[PDB]
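The chain that follows stands alone, in the form deposited in one PDB entry, written as structure tokens.
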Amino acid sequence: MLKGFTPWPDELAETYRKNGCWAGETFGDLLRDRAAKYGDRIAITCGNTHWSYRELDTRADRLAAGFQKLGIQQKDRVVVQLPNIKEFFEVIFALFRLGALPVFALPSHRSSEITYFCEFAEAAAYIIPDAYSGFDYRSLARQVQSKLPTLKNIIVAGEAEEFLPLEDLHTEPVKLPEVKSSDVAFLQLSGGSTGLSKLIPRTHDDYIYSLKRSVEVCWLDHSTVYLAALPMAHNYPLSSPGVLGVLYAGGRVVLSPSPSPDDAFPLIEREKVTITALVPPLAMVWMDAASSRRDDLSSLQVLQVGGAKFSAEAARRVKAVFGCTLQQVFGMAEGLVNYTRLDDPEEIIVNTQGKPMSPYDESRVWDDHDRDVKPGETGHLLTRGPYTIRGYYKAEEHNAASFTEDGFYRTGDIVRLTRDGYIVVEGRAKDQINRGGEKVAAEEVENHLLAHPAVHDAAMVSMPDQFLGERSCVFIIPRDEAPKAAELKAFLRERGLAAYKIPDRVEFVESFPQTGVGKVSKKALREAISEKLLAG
């Protein structure tokens, strides 16, 4: 077993195989089978270019031969930081057949974050593009080497310059070592705050299972045309059901150069995408655009919004604005993924974050002392299942703090189970606002503010206060001409918003700092108000 990997228990694992959750097939097996089954069907679409499943299968084998020849071995970690391009697919599946382990970095990561990844994972290779969205990644690669000379295999999809051109790593296919579905297939990146970023070992079995249950819940099939709008390396646009869930269902993937409507809308009309995924901030952007920018988006059947809670005040609009069904997705790269069903009532789709996609997903809402909080009550979320990890990669410390003795992962979210099984997210524990004895949920205030005519978006965060411990500062994005702070505080007051919840402070900005996948980084906003405060 990979060093640093925590196995599932013998009983559970055995039960996961008996109940057919772990199908004993690898990603290499998946692509082989799909290529043999689907042959010339278009698997990936990027611009004016296309790649049939059979073509992917082949390019993957050739790329594997080249990698092996270059020196990459089974169990070797490779840092993969590519944009939404075709190469990404052939690269990971090639690594999959070599038993080599990818480390899914995002195109928004820089020297500090990549160096950590390569160091920590002891990467034997670094795969990047020559340039994307105006950023030169080879220059970033040089910065990495100076700070990490040991790193000797920088592969580049594009103009390699002094590096190793990924395109010449394609050669005559060879026999590769055995790859067990029980082996760790790759390392993901957690999505909390702070930055460190823990790595997440995911096996062929548990991840392929997540894909399967995702396809069934999101109704993917050969007719599915999924638009990859979010950086597809993130767990969400990658498997919930993501680009891979689409491969699994034999559907068709459309690669968008950017999450922007400017790039997405034309592609939705042209390639007739039936589904795509967004995060809250981006959904707002799209909803505005869907109004003052008329183009055919009618083929759209399912719009997914997740990564962070999509406040009901905005969620309610999706149906009217887009003419399709909204689907909230509340998943995590550590495992558990909740979806609103495409079936259930609008009320549910608009007011909940869904329920576990697997009958074998478990949940324990607890209080500050680890007591099964009273049904319906709010509390800390813990989950356990067929595709939720038992330990982060090489991290004894954080693992004690993150997993209970019974194997329950501490998601770090604060939620309340609906008396059926659905979850209604309140917000991350870290984003809770401890204001003078009170526990303030930011999203509640934000959802209210989203109902104001002059508000495009709103993100409330905490600021230090020697008296109350913490205070609240809400960052607002104007729908044009910034309203007066007092005007918003009045708005909330008239809505019946509890006094202690009203934002102590208000800040206007043209946008919010973001995480790699594109959600709002409340750790940055906190740092913003913090810094700004000590200015006086």
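Residue indices: 1-based, along the sequence shown.
A.B. asks: Looking only at CA atoms, which has the higher mean B factor in the entry: 405 to 413 or 80 to 88?
C.D. replies: Comparing 405 to 413 with 80 to 88, the higher average CA B-factor belongs to 405 to 413.
A.B. asks: State which stretch shows the higher mean Cα B factor in the entry: 172 to 180 or 454 to 462.
C.D. replies: Between 172 to 180 and 454 to 462, it is 172 to 180.
A.B. asks: Maximum C-alpha temperature factor per the entry, among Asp262, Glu271, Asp372, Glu161, belongs to which one?
C.D. replies: Comparing C-alpha B-factors across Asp262, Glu271, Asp372, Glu161, the top value belongs to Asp372.
A.B. asks: By the entry's C-alpha temperature factors, tell me which of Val425, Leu278, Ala290, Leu106 sits highest.
C.D. replies: Of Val425, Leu278, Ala290, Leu106, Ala290 has the highest C-alpha B-factor.
A.B. asks: Sorting the chain's modelled residues by C-alpha B-factor, tell me whether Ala35 ends up in the lowest, middle or highest third.
C.D. replies: Middle third by C-alpha B-factor.
A.B. asks: Quick one: classify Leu151 as lowest, middle or highest third of the chain based on its Cα B-factor.
C.D. replies: For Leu151, the deposited C-alpha B-factor lands in the highest third.
A.B. asks: Among the modelled residues of this chain, does the Cα B factor of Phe310 put it in the lowest, middle or highest third?
C.D. replies: It falls in the middle third of the chain.
A.B. asks: What third of its chain, lowest, middle or highest, does the C-alpha temperature factor of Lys212 fall into?
C.D. replies: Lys212: CA B-factor falls in the lowest third of its chain.
A.B. asks: Where does the C-alpha B-factor of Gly385 rank in its chain, lowest, middle or highest third?
C.D. replies: Middle third.
Separately, the form deposited with a small molecule bound exists; it is not shown, and the next lines address it.
A.B. asks: Can you work out which of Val425, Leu98, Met287, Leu267 has a heavy atom no more than 4.5 Å from the small molecule in the deposited complex?
C.D. replies: It is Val425.
A.B. asks: Which one, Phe89, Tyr137, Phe117, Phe330, lies within 4.5 Å of the small molecule in the deposited complex by heavy atoms?
C.D. replies: Among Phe89, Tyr137, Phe117, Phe330, a heavy atom within 4.5 Å of the small molecule in the deposited complex occurs only for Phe330.
A.B. asks: Any chance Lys519 has a heavy atom within 4.5 Å of the small molecule in the deposited complex?
C.D. replies: Answer yes; at least one heavy atom of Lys519 falls within 4.5 Å of the small molecule in the deposited complex.
A.B. asks: Residue-level contact is defined here as any heavy atom of the residue lying within 4.5 Å of the small molecule in the deposited complex; does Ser358 satisfy this criterion?
C.D. replies: The answer is no: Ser358 has no heavy atom within 4.5 Å of the small molecule.
A.B. asks: Would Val217 count as touching the small molecule in the deposited complex under a 4.5 Å heavy atom rule?
C.D. replies: Heavy-atom contact with the small molecule at 4.5 Å: absent for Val217.
A.B. asks: Would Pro261 sit within 4.5 Å of the small molecule in the deposited complex, counting heavy atoms only?
C.D. replies: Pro261: no, not in contact with the small molecule in the deposited complex.
A.B. asks: Select, from the options 187 to 195, 145 to 153, 268 to 276, 293 to 301, the stretch whose residues sit within 4.5 angstroms of the small molecule in the deposited complex by heavy atom distance.
C.D. replies: The contacting stretch here is 187 to 195.
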